[PDB]
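Take a look at this single chain, the form deposited in one PDB entry, given in structure tokens.
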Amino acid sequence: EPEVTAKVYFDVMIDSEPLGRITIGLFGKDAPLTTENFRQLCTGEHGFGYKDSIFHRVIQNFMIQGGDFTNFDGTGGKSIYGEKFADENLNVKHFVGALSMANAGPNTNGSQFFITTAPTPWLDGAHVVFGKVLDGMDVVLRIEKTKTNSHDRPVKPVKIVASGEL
């Protein structure tokens, strides 16, 4: 995997019950702009970020998605650079535990991301891979095992009650 230059975390809990911590390593040399946007959204040093956001989409054995702190439905979110920012590096490919940038076409990176729980090569070349779950992958497996309704939305809220940099 690429060089890890920074670490951040998510303290997750599926409603009145704590699931645990997910530690993530960022690829600062391969995607500087993308990692810093994520890093700052984690620390919330701007008054907005991932704290209290949810994982609105969960697809058993594919990936889990989150980062929509504006609409909580998978339609919102925003970067520290503005509404959307360009694809910085599309050469890094996906692997289990990859933190990838969710988008709606070329250059539509906002604040939404996903964590793969299986190899997803069909995404290579279309999504910026900028991180790796270094610890807490068992927390991630628990999240993908929760009951989901239509659109694969968790019945109970999987909430990031805390986040920050290590």
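So that there is no doubt, residue numbering starts at 1 and follows the sequence shown.
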Mean C-alpha temperature factor, higher of 1-9 and 155-163: 155-163
Stretch with the higher entry mean CA B-factor, where the candidates are 26-34 and 120-128: 120-128
Cα B factor band for residue 70 (lowest, middle or highest third within the chain): highest
Third of the chain, ranked by Cα B-factor, where residue 113 sits: lowest
Modelled-residue ranking by C-alpha temperature factor, third containing residue 46: highest
Within-chain third of residue 61 by Cα B-factor, per the entry: highest
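In what follows, reference is made to the form solved in complex with a partner chain, a form of this protein that is not presented.
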69, 153 and 159 each touching its partner chain in the bound PDB entry (heavy atom, 4.5 Å): no
Close approach of residue 50 to its partner chain in the bound PDB entry, 4.5 Å, heavy atom: no
Residue 132: touches its partner chain in the bound PDB entry, heavy atom cutoff 4.5 angstroms: no
Residue 43, heavy atom within 4.5 angstroms of its partner chain in the bound PDB entry: no
Residue 104: touches its partner chain in the bound PDB entry, heavy atom cutoff 4.5 angstroms: yes
